[PDB]
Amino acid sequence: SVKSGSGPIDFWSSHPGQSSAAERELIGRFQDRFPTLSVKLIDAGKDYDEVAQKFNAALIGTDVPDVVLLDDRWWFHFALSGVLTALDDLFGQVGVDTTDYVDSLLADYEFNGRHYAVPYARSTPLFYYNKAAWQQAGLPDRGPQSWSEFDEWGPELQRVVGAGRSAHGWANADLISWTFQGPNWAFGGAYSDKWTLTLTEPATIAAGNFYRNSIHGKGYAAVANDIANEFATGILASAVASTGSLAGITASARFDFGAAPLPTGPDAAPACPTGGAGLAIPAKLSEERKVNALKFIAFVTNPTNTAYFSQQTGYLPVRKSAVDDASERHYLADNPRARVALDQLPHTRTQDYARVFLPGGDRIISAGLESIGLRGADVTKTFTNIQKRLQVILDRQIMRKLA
């Protein structure tokens, strides 16, 4: 009934950020430290969706991975189905320094007081801005302090970029439910409060109208297809995009640009989500194999190793004390925008259940936001329709399984 025996630890990864070389290096370091264990790096897919399907298929038998890379949406799907190990007892047995993981990044995998993965390849949104546009618009050299301040800046930025360009680009349906989460929170909205959907609450509708008005009424914003590229080529004076896009923008931009944390809510309330993927251990392993799997996961996400992974890939270090790593200190001093991304980590918030735990919630919310953005759909009508659809899916797929 379970995967037992002494075969190598099977690590299923999609090699996010083209990271197979970095992963092989981490495996080498692991095998040096644990000379009785070996790890097999398996190319389990080109992306997180493919890894999830490969895992799903493997679940019929015992050729499951020992360690599997699951994204922000897929981990709960599997945890709820009972096929992942709750890690807390193992954390304490192996002596994992859990308080040294970035608070939000570990909390991302918590449900009902139990943790089902460890953060591995993590990102957040970041506010990118064109300094030449900022200067022409007479703005201070910083990101906006609030979304409402930015909205005031917008029309002047639109004047200075000219025809066929925009002051701000919003992501399209591939990322907008992720990036809009921040401004929604900043305005007191949310997609949900735990399992209770809140798309139709007044603060959320107001945030939706802020977004709609930026594109239509005032018009300084646009929906961007390839947002990182539209920013880097100068079509957009600013954009919220992933920290994962920082290296690409740096390599492509032929103008001076800044990176800023997203505006907070009132009293510096966190208004920035996290994103990416973590490492989980399937439930159908023998106890011995689970222990070995956690030794691997804990090792490759230790302070030295997460710093290394970050330097190689552009993902963020998942340990608080990685800032004290010598190589990391050097890296941060050479790369101040990497430091902006780092410094935002204590000011992040776990994602709304409607996006990450509710099947397709990210895609359905994104489609609605894209409809508001591209077609000027009404916010109240759109959010109301979406909430009804999400409620049906939540009650049919998730709520019964929670008993």
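In this text, residue numbers run from 1 along the sequence as written.
Stretches 90-98 and 258-266 differ in mean C-alpha B factor, with the higher average recorded for 90-98. Taking the mean C-alpha B-factor of each stretch as recorded, 168-176 and 317-325 are not equal, and the higher mean is that of 317-325. When the C-alpha B factors of 312, 214, 196, 130 are read from the deposited coordinates, the top value falls at 312. The PDB entry gives the largest Cα B-factor of the residues 68, 364, 338, 374 to 338. The entry lists a Cα temperature factor for residue 402 that places it in the highest third of the chain's modelled residues.
When all modelled residues of the chain are sorted by CA temperature factor, residue 60 is found within the highest third. Per the deposited record, the Cα B-factor of residue 35 falls in the highest third when ranked against the other modelled residues of its chain.
Sort the chain's modelled residues by C-alpha temperature factor and residue 9 lands in the highest third, per the entry. Ranked within its chain, residue 77 lands in the lowest third, by CA B factor from the PDB record.
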